[PDB]
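Computed from heavy atoms alone, side chains included, the values below leave out hydrogens, waters and symmetry copies. Throughout, protein chains are lettered first and strands after them, A, B, ... in sequence-line order, and every chain is numbered starting at 1.
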Amino acid sequence: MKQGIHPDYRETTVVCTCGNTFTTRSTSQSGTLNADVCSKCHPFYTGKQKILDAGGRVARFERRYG
Amino acid sequence: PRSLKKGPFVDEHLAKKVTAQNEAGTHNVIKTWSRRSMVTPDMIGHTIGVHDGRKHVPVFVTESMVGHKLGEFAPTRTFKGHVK
Amino acid sequence: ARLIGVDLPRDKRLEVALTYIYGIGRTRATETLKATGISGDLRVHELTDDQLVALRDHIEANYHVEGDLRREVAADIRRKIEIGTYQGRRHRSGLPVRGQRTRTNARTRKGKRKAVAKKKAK
Amino acid sequence: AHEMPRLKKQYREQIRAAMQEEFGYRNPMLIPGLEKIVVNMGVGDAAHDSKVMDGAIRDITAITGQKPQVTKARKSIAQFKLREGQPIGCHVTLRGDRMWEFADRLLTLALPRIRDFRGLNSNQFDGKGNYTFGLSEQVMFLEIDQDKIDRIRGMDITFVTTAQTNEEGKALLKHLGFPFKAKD
RNA sequence: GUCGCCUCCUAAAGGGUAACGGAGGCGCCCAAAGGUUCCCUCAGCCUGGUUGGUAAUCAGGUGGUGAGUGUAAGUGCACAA
RNA sequence: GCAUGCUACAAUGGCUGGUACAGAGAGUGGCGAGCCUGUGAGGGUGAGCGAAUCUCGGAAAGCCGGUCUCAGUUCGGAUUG
Ligand SMILES: [Mg+2]
Ligand SMILES: [Mg+2]
Ligand SMILES: [Mg+2]
Ligand SMILES: [Mg+2]
Ligand SMILES: [Zn+2]
């Protein structure tokens with residue numbers, strides 16, 4: 001590393017507002033990181049959406065007629 | 001659209017023809033002028049010649065047709081564009 | 001990135017900042033506020049993260065919003081196209097689908113008037 | 001400060017053991033590992049002004065943590081409207097601790113908050129165990145500010161690993177943890 | 001139309017060699033495009049990648065000269081000139 | 001393409017709660033109150049009235065309180081699911 005050309009880069013706590021706190025390092029100037037969602041918190045792979053689709057075209061028919 | 005408590009409207013001769021086709025083999029084209037009728041699962045996999053005003057255009061009814069009228073698949077006007 | 005995929009605009013009341021979300025309208029936002037028990041007359045910049053995430057959870061649980069609803073709508077239109085209904089044919093033609101007249105204006109679907117030369121009188 | 005990163009520790013213990021057991025390398029220094037991370041951004045709409053390059057430098061500096069290398073145009077092109085020697089892109093090479101902690105930060109924080117995030121394709125490997133992908137938008141890196149960015153920009157992220165083959169590269173990056181769908 | 005200078009061919013493996021023979025250039029440019037020292041290897045092709053396309057920037061693989069050389073051409077130059 | 005209109009482009013306004021003041025007309029396969037049900041269109045029951053009697057019925061603008069604060073908007077309401 002060359003002195004005086006790189007940004008401030010020091011110890012950095014992150015809190016994910018989902019029970020997760022970690023001790024990474026980043027350039028977050030005079031401060032830390034207050035995330036909105038974590039990896040182990042995001043509904044993507046923790047598996048909390050399961051949208052797939054709604055392909056029951058006939059199922060709609062017997063839903064409103066059967 | 002039609003009221004739910006009145007049920008779907010199938011023109012009561014298309015129904016009997018498709019039921020006869022089901023009983024005796026789902027292989028024939030059913031010629032009808034009933035653009036008025038509602039596609040139903042009981043006719044799925046059939047081919048129906050829907051009148052469009054001058055000709056009975058055939059439609060092969062698939063799974064997704066069910067929530068539609070027979071006449072939706074037999075366009076009545078031809079445009080092709082202005083000029084050429 | 002305040003809510004699901006949209007940033008609520010600051011200095012605007014919550015009851016309409018919610019409607020700023022795709023898939024949320026006036027009555028949908030009003031319900032959301034009554035369910036979450038959050039006032040609707042306070043500006044968004046005074047919003048604690050706990051109530052913000054409670055509102056987010058309610059919206060995500062009850063409502064199709066943003067990318068999900070946009071993809072669902074696009075899928076519905078594409079299904080009409082691929083099934084070939086009259087509405088699907090009108091969609092492919094880029095022409096009104098709900099039985100609107102097309103002789104005179106139909107302008108919001110036909111775009112701007114691309115006037116064409118016609119026959120000339122004597 | 002002196003502390004060997006969480007992601008590096010996880011890699012060493014768990015991933016080296018897992019690769020040694022489920023690829024059966026006959027030599028201990030054959031287990032693949034991350035060699036470097038390259039963060040590129042081509043900002044080609046810099047042939048008409050310099051402020052865009054300044055914003056890109058600020059953004060990439062904040063995201064990575066070191067000054068970027070600014071590449072000048074190798075050849076001029078009229079239809080792209082760039083002259084010779086104009087700065088049209090900037091990139092950063094991360095190795096060692098900076099590599100490990102930037103990867104940890106990225107995976108744990110940033111791409112989780114992609115709009116309608118659906119994961120990353122598993123078929124974006126170069127064919128030699130290295131995986132490169134692209135982010136269409138930048139402020140999603142919450143290590144930067146929000147209400148002062150000049151304009152939205154994107155970037156390319158490349159993980160170069162000492163993996164001989166694509167399948168073992170995919171295994172390594174899966175064990176490190178990426179959102180990997182089952183789609184093309 | 002041409003007249004001085006430069007490069008190639010004619011020119012018959014030293015040099016030289018004519019025609020209103022065949023091809024082109026020059027009347028500059030550069031305070032670095034000079035001196036020195038250290039470092040580097042290209043073009044093309046293949047694969048992957050936000051904007052981005054054949055081709056901008058990035059990664060890996062390949063690739064010895066086919067790139068490059070301020071300016072014509074030849075002789076050179078990758079040991080790099 | 002033309003023509004006649006409607007709704008607009010907002011603050012003399014939008015939204016919301018409360019609260020005043022009409023006329024002229026229509027009605028038995030009709031006008032339907034009241035009650036119950038539904039977010040609502042409506043549905044179920046269903047009196048009354050061939051009607052200066054009963055029903056359509058609520059008049060709206062306005063006034064009053066709250067709110068929005070000049071934003072392509074809490075304007076506009078086209079289009080589309
Ligand atoms: Mg000679
Ligand atoms: Mg000789
Ligand atoms: Mg002589
Ligand atoms: Mg009468
Ligand atoms: Zn989280």
**Q** Please determine, for the side chain of D:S136, which listed nucleotide (F:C68, E:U50, F:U79) has the closest atom?
**A** E:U50
**Q** OP1 or OP2 of E:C58 versus the side-chain N and O atoms of D:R74: is any pair under 4.0 Å?
**A** yes
**Q** To the nearest Å, give me how far apart CD (D:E35) and P (E:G60) are.
**A** 7 Å
**Q** Between the base of F:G81 and the side chain of C:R98, is there a donor-acceptor distance below 3.5 Å?
**A** yes
**Q** Classify the side-chain pair C:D50/C:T48 by whether it contains a donor and acceptor separated by less than 3.5 Å.
**A** yes
**Q** Taking a pair to be Watson-Crick or G-U wobble with both distances under 3.5 Å, do F:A22 and F:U7 qualify?
**A** no
**Q** For the residue pair C:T85 and C:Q87, confirm or rule out a side-chain donor-acceptor distance under 3.5 Å.
**A** no
**Q** Classify the sugar of F:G65 as north or south, using the sign of the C1'-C2'-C3'-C4' torsion: positive means north, negative means south.
**A** north
**Q** Counting only Watson-Crick and G-U wobble pairs whose two distances fall below 3.5 Å, is F:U55 partnered with F:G42?
**A** no
**Q** Pucker class of F:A8 from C1'-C2'-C3'-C4', north or south?
**A** north
**Q** When you check the gap from the basic side-chain N to the acidic O, do A:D53 and C:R79 get nearer than 4.0 Å?
**A** no
**Q** Can F:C6 and F:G48 be counted as paired, Watson-Crick or G-U wobble, both distances less than 3.5 Å?
**A** no
**Q** State whether the aromatic ring of D:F125 stacks on the base of E:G60, taking stacking to mean ring centres under 5.5 Å apart and ring planes under 30° to each other.
**A** no
**Q** Closer to the 5' end of RNA chain E via nearest nucleotide, is it D:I77 or D:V43?
**A** D:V43
**Q** Kindly say whether F:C75 and F:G40 qualify as a Watson-Crick or G-U pair under the rule that both distances are below 3.5 angstrom.
**A** no
**Q** Among the candidates E:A59, E:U57, F:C2, find the nucleotide nearest to the side-chain atoms of D:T71.
**A** E:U57
**Q** Sign of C1'-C2'-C3'-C4' decides it: give me the sugar pucker of F:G72, north or south.
**A** south
**Q** For the base of E:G60, is there a side-chain donor-acceptor partner from D:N130 under 3.5 Å away?
**A** no
**Q** Taking OP1 and OP2 of F:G81, is either one under 4.0 Å from a side-chain nitrogen or oxygen of C:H64?
**A** no
**Q** Given Watson-Crick or G-U wobble geometry and both distances below 3.5 Å as the test, should F:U19 and F:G62 count as paired?
**A** yes
**Q** How would you label the contact of C:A115 with the nucleic acid (heavy atoms, under 4.0 Å): base, sugar-phosphate, or nothing?
**A** sugar-phosphate
**Q** Can you tell me how the ring of D:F141 sits relative to the ring of D:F102, calling it parallel under 30°, perpendicular over 60° and tilted otherwise?
**A** parallel
